[PDB]
Every structure is written in C-alpha cells, then in structure tokens.
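Below is one structure, written out as structure tokens, with a few remarks after it.
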Amino acid sequence: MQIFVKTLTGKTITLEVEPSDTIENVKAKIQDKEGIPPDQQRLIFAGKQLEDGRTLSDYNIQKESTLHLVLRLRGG
Amino acid sequence: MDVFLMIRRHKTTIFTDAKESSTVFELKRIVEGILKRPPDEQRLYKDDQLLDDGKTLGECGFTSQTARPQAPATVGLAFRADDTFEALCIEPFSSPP
Amino acid sequence: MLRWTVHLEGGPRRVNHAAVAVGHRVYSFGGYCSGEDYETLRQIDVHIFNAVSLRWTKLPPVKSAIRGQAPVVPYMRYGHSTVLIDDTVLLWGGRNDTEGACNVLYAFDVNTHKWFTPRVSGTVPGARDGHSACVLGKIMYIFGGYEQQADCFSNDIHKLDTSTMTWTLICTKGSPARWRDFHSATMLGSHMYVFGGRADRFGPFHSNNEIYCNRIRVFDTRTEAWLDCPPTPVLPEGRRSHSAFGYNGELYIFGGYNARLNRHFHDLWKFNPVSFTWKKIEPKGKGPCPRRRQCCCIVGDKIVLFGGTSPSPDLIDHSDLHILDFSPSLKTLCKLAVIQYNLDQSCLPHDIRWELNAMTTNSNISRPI
Amino acid sequence: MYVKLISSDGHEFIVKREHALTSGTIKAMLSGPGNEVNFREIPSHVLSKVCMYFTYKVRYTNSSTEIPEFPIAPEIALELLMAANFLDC
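Residue numbers (UniProt numbering), protein chains in the order written: chain A, 1 to 76; chain B, 1 to 97; chain C, 1 to 313, 322 to 377; chain D, 17 to 50, 58 to 112.
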C-alpha cells in the first residue's frame with residue numbers, strides 16, 4: 001500500500017506501508033523520510049487521532065489515503 | 001482644516017497655526033498681541049499678493065495640505081511706517097556650509 | 001510619530017522564548033533554536049538587553065547553593081510564560097523535548113538573580129505550553145495553552161494570588177474564549193484582552209479542523225466574567241504567535257503566523273477598547289521581516305522586539329532586535345539621518361558619538377550561521 | 017503664551033511657550049532663578072527647523088493617522104543633530 005501524509009502547511013510525504021503496520025511503524029517511517037522524531041508527530045484520519053497501538057487496517061485506511069500530520073510547535 | 005504658518009517680517013518669524021476658515025483680520029489680531037501693532041497698521045501677504053482682512057485663509061489660497069506643521073507656509077508682514085507703509089522685506093535665514 | 005529606529009544583530013538566537021522589561025533592561029528566558037540541544041539536562045538561559053547602551057549580555061550558569069543539592073533553576077525550555085511583579089519574575093509552563101511540560105512555579109529575583117520555587121497551594125494548573133500570562137496587582141492570570149497530560153487545548157483561567165501563593169481555577173461567567181494556544185492576553189485596566197491563537201473549530205482537541213482566531217475576547221477580572229462585546233467592522237487576519245502589548249491604554253498586536261494562509265506577518269494593529277475598534281498602523285522605517293513568536297517588551301515609549309522564526313529566503325531563527333519608538337525625539341531623527349546619509353561623525357561631540365555607536369554596533373551573543 | 021528664541025545671527029523666532037517646552041533645555045531656561060532665550064551657537068537656518076519640529080511634535084503626539092515624516096536634508100543633518108542634543112529635544 002502507498003499512503004500519503006500531509007502537514008497543514010502543504011508538504012507531502014509518500015510512504016510505503018502495509019495495512020498490518022502500526023501507527024508507531026508509520027511514525028518511524030516518517031522519521032526515516034523526514035527526520036521528525038515520533039514523539040513530535042500527531043497523525044489524524046477522518047477527524048480522529050490515530051493511536052500508536054493500532055495498525056492502519058484497524059482505522060480503515062486503504063491505499064492512496066492521506067493522513068494529516070500535526071507537529072509540536074517548538075517555534076510557536 | 002488647520003494651517004501652520006510662519007509670519008515673517010525683517011528678522012522676525014512668528015510660528016502660529018489657524019483654521020482655514022479663520023480670517024486675515026483674525027491673523028492680524030494674533031500679530032497685534034505679539035508685536036503690539038494694531039491691524040490697521042499691518043499688511044499681510046501670500047508671496048507678493050496683499051491679503052484682505054475679510055477673506056478667510058482658505059480663500060487666500062492657504063490649505064492644510066500645503067501648510068503642514070513640519071513645512072509651514074510663509075505669510076509676509078509689513079508695518080505702517082509713518083504715513084505710508086514700509087516695503088515688504090523678509091531677511092533670509094542663514095545657510096549651511 | 002511611530003518609527004522603527006534601531007535594528008541590531010548578534011543577540012540570542014531564539015524563538016518561543018519569554019521576556020520581561022525591568023526598567024530599561026529586557027530579561028529574556030530560554031526559548032528554542034534549531035540545531036541546539038533540548039533533550040539533555042540543560043539549565044534555562046538568561047540574556048539581558050540594555051535598552052540604553054543597546055548591548056546584550058548573558059548571565060553565567062546557576063551554581064549549587066549547598067553541596068550535593070542541585071542548582072535551583074528551571075530546565076531549558078520553550079513555550080513558557082514570564083511576568084514581572086515588583087522585583088520578581090514568575091516563570092511558569094513550557095516544555096523541552098525530553099521531560100515534557102512542567103508546572104512547577106519558578107521565581108527569579110531581578111536584583112540578586114537567585115531562582116526559587118515558592119510553595120504553592122490550591123489547584124495547580126496542568127503543565128502546558130503556549131499559554132498566556134498577565135498580571136493585575138499581585139495576581140497572575142494563566143489562560144489557554146495546550147495541556148500535555150490531558151492532551152487538549154485549554155480555555156480555563158487559573159489565577160495565582162502571589163500574596164499567598166494560592167492557585168485558583170476561576171469559575172467564570174459568560175461564554176469563555178475558545179480553547180486555544182499561542183494566543184496573547186493583555187491587561188488594560190482590570191480587563192484581560194485575549195487575541196489570536198491556534199484553535200480547533202469544534203472543540204478542545206486536534207481534529208484536522210485547525211482555525212486561527214481573530215474575534216477579540218474580554219475577561220473582566222473584577223466580576224470574573226467573559227463579556228459580550230460589540231462587533232468590530234474591521235479586524236486583523238487571524239494568527240498565532242503574534243506579540244501583544246498594552247501602550248497608553250490601547251492594545252497592539254505585531255506579526256505572527258496563519259497556517260491556513262501559510263503566511264507570516266509583520267503588520268501592526270491597534271485596538272482601542274473604549275470605542276472597541278481595530279486600526280492597522282504603519283510605522284515609519286523598515287520593520288522586521290514577517291515572523292512569528294518573537295518577544296516584545298515595553299521600555300518607556302519604545303518597544304523592544306527580538307528573536308522569532310520565519311521562512312528562509322525551511323525556517324530560520326532570529327538573533328536580531330528591533331526598536332519601535334512611539335515618539336521619536338529630534339535627536340533620534342537626526343541620528344538616523346546622519347547614519348542614512350553616511351555623514352562624517354568625527355566632528356560631533358562625544359556624547360552624541362556614543363549614542364550613534366550604540367545604535368550601529370551588533371552584540372556578540374551569536375554570529376551568522 | 018509665546019516666547020522668543022533668538023539665533024546666533026539675530027533672527028527672532030516667536031513660538032508658543034507650550035511648543036518650546038518640547039526642549040528640556042528651553043524649559044529649564046524659562047524657569048531659571050530670579058521671556059526670551061538667546062542661542063549664541065544655533066544659526067537661524069537650524070533654529071527655524073527646530074521650531075518646525077516643535078510644531079510637528081505637539082500637533083502629532085498621540086496621533087495614529089498616516090502623516091508625512093519630518094524631513095531632514097543631508098546638508099543640515101549634522102548641525103540639526105548638534106542643536107537637538109544641546110536642546111534635549
């Protein structure tokens with residue numbers, strides 16, 4: 001599965017994942033691609049916050065979906 | 001609405017303000033309070049144009065947009081000498097090097 | 001009329017710091033900076049800008065008072081607040097990347113530069129960052145921010161009565177300002193004016209419905225009520241991480257960031273609480289570039305504005329400082345002209361030459377990256 | 017109501033006392049022990072500009088409407104700076 005992760009500003013990151021992969025795995029892959037530590041990442045789909053324990057298939061996230069990424073505002 | 005002025009005679013310069021709607025005569029009464037000569041002994045000028053007592057400053061051409069506090073408009077002043085009036089004479093300011 | 005009269009470099013390179021003016025000296029605490037360490041054990045920082053000599057200095061590290069006992073000093077953090085009451089700075093909230101947010105109250109004596117943690121009672125507000133803080137007499141008012149433990153935006157007001165060091169969660173009347181962070185709150189008389197900030201359009205949780213507030217909200221500290229206020233036909237664009245300050249009875253807001261527009265600001269807006277109206281103001285001179293989460297502090301008729309972050313010509325952190333002078337003297341205007349026209353200064357008297365030097369010499373806290 | 021400020025070259029500038037109090041130095045002189060002030064080191068082309076600054080400062084204090092700046096030409100900037108420092112305005 002190919003999924004997309006977009007911050008509110010507009011940067012888009014394409015990730016290669018399986019529906020079995022957990023949200024912790026997705027944040028880890030985002031850290032590999034963008035260098036953002038997982039504890040500074042908040043992932044949202046369909047207006048709900050995605051918990052690290054569950055996987056992508058648990059949240060009905062299929063191929064070509066976009067997740068919304070919220071980041072810690074260290075610079076306000 | 002307000003005009004900012006320099007009233008100038010010889011080596012005298014009065015800084016004052018007045019309304020566009022105020023009269024030349026009212027301006028002469030300000031001069032009288034400061035320089036102790038009555039309005040009938042004064043002539044006021046916009047450049048070489050002698051101004052009439054009953055005209056407003058606006059009617060004389062003074063406008064708020066061209067008589068700003070940081071760039072006031074000049075009104076020339078001449079006093080009656082004995083039976084006639086002195087020539088309008090304004091001494092220039094000094095010069096930078 | 002109002003003018004940007006000083007632009008200096010070489011200061012602390014910080015965004016999301018907090019600062020207060022103590023007389024003619026601005027005290028700046030902590031803040032974030034890219035590439036620098038916010039994980040390991042580090043003391044918070046204090047830099048002092050002297051608004052007369054126009055010089056930055058930095059205080060040395062806090063030492064242990066007694067053997068074994070750790071130095072008493074907040075850990076390095078960003079997103080905290082600082083307010084001044086008499087000789088005491090009260091520092092509260094904020095976070096780093098490791099220990100998260102903290103809710104221990106810290107007090108810093110502006111004359112001895114000693115830190116302490118006064119014993120507090122009452123309902124201590126949850127740890128958070130991006131809250132606002134302001135004071136009326138001996139009372140500090142905390143509003144909003146993002147709570148770390150509850151993991152949500154706040155719209156509570158907690159007051160700290162410093163006479164007894166007692167926290168109280170205020171049971172307010174009226175409709176509270178929407179849960180938000182990185183807003184401002186400013187006291188004009190007895191009323192607290194809350195402007196801007198990031199929020200969610202439906203409630204207190206992130207839900208991918210992020211909005212930027214621009215409807216000013218007013219809290220009366222006397223009745224402890226949120227007021228219903230008249231419409232403002234003109235108003236600034238919504239934004240977070242602007243600076244707000246109260247000057248001569250009116251509220252001013254500078255700069256900030258709107259993520260819906262992806263826009264940084266360097267505008268200046270004035271709110272007159274009596275007519276309850278907004279007006280955009282254009283200072284003379286070249287301002288700071290559009291930026292967010294700078295700090296602004298009032299010194300007399302001047303605003304000291306410094307730090308912040310902005311997009312790089322991908323963000324840069326600012327080490328510069330700007331002075332906005334609400335009432336420039338002729339001496340200030342002439343100094344600017346002498347500088348602008350590159351005139352020979354060597355025949356000026358030494359007192360004026362010292363002033364010209366002060367406004368044209370960078371400090372050495374930082375160097376270009 | 018009005019005071020007289022005399023330049024080094026003998027020009028007499030008559031300005032409102034309240035406007036002249038923009039200068040700390042003139043304010044102190046008008047309340048000296050035991058009117059008019061004579062400035063032996065400020066020439067008329069400089070002192071006239073100073074008086075314009077007085078008018079401007081008083082008119083536009085606590086003003087938020089867009090207004091022109093106070094213009095300072097290069098040829099006068101050093102002298103005007105020296106006068107402003109001496110006059111504390």
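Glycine residues also receive a C-beta, built at the ideal position from the N, C-alpha and C atoms.
Strictly by DSSP, which residues pair up with residue i?
i                      : result
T13 of chain B         : B:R8, D:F29
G93 of chain C         : C:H80
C152 of chain C        : C:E147
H264 of chain C        : C:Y257
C297 of chain C        : C:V304
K138 of chain C        : The partner list for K138 of chain C (beta bridge, DSSP) is empty, contrary to what the question assumes.
residue 434 of chain C : Nothing about residue 434 of chain C can be reported from this structure: the residues present for chain C run from 1 to 377 only.
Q43 of chain C         : C:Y75
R68 of chain B         : B:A71
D333 of chain C        : C:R3, C:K302
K284 of chain C        : C:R3
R43 of chain B         : B:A78
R361 of chain C        : Note: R361 of chain C sits in no beta bridge, so no partner.
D200 of chain C        : C:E210
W56 of chain C         : C:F49
Flag residue i as yes if its beta-carbon sits less than 7 Å from any beta-carbon of chain A, otherwise no.
i               : result
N208 of chain C : yes
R42 of chain C  : no
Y78 of chain C  : yes
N262 of chain C : yes
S241 of chain C : yes
Beta-carbon of residue i versus every beta-carbon of chain D: anything under 7 Å?
i                      : result
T63 of chain B         : no
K58 of chain C         : no
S21 of chain B         : no
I347 of chain C        : no
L91 of chain C         : no
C342 of chain C        : yes
residue 316 of chain C : For chain C, the structure lists 313 followed at once by 322, and that leaves residue 316 of chain C out of the model.
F85 of chain B         : no
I360 of chain C        : yes
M367 of chain C        : no
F79 of chain B         : no
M192 of chain C        : no
Pull up the distance between the alpha-carbon of residue i and that of residue j, whole angstroms please.
i               : j               : result
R119 of chain C : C171 of chain C : 23 Å
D333 of chain C : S64 of chain C  : 41 Å
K11 of chain B  : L101 of chain D : 24 Å
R95 of chain C  : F306 of chain C : 21 Å
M76 of chain C  : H35 of chain D  : 51 Å
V69 of chain D  : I90 of chain D  : 23 Å
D111 of chain D : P61 of chain C  : 41 Å
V22 of chain C  : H206 of chain C : 38 Å
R54 of chain A  : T22 of chain A  : 6 Å
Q31 of chain A  : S312 of chain C : 22 Å
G246 of chain C : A199 of chain C : 24 Å
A133 of chain C : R292 of chain C : 18 Å
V31 of chain B  : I14 of chain B  : 8 Å
Can a CB atom of chain C be found closer than 7 Å to the CB of residue i?
i               : result
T12 of chain A  : no
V17 of chain A  : no
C112 of chain D : yes
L21 of chain D  : no
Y18 of chain D  : no
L101 of chain D : yes
Consider the Cβ of residue i: report whether some Cβ of chain B lies at a distance smaller than 7 Å.
i              : result
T38 of chain D : no
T41 of chain D : no
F29 of chain D : yes
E59 of chain D : no
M75 of chain D : yes
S47 of chain D : no
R33 of chain D : no
Are the C-beta of residue i and some C-beta of chain E separated by less than 7 Å?
i              : result
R63 of chain D : Included in the structure are the protein chains A, B, C and D, with no chain E among them.
Checklist line | Near-chain A residues of the UniProt repeat "Kelch 3" (139-189) of chain C - C-beta to any C-beta below 9 Å | finding: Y146, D151, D181, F182
Note to self: Counting only Cβ-Cβ distances shorter than 9 Å, please list the residues of the region 299-312 of chain C near chain A, keeping chain order.
What the structure shows: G308, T309
Margin query: Any C-beta of chain A within less than 7 Å: which residues of the region 16-34 of chain C qualify?
Written below: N16, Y32
Next item on the list: Return the residues of the UniProt domain "Ubiquitin-like" (1-66) of chain B that lie within a Cβ-Cβ distance of less than 7 Å from chain D, sorted by chain order.
Entry: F4, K11, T12, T13, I14, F15, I34
Margin query: By the 8 Å beta-carbon criterion, what residues does the region 322-339 of chain C contribute toward chain A?
Written below: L323, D325
Note to self: Tell me which residues of the region 84-96 of chain D have at least one Cβ-Cβ distance to chain C shorter than 8 Å, keeping chain order.
What the structure shows: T84, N85, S86, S87, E89, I90, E92, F93, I95
Next item on the list: Determine which residues of the region 108-135 of chain C have a Cβ less than 7 Å from any Cβ of chain A, and write them out in chain order.
Entry: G130
Checklist line | Length-filtered (3 minimum) beta strand (DSSP E) runs lying within the UniProt domain "Ubiquitin-like 1" (1-76) of chain A | finding: 2-7, 12-16, 41-45, 66-71
Margin query: Beta carbons nearer than 8 Å to chain D: which residues of the UniProt repeat "Kelch 5" (251-301) of chain C have them?
Written below: With the criterion set as a beta carbon lying under 8 Å from some beta carbon of chain D, the members of the UniProt repeat "Kelch 5" (251-301) of chain C are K270, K279, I281, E282, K284, in sequence order.
Checklist line | Residues within the UniProt domain "Ubiquitin-like 1" (1-76) of chain A neighbouring chain C, beta-carbon criterion of under 7 Å | finding: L8, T9, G10, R42, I44, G47, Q49, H68, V70, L73, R74, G75, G76
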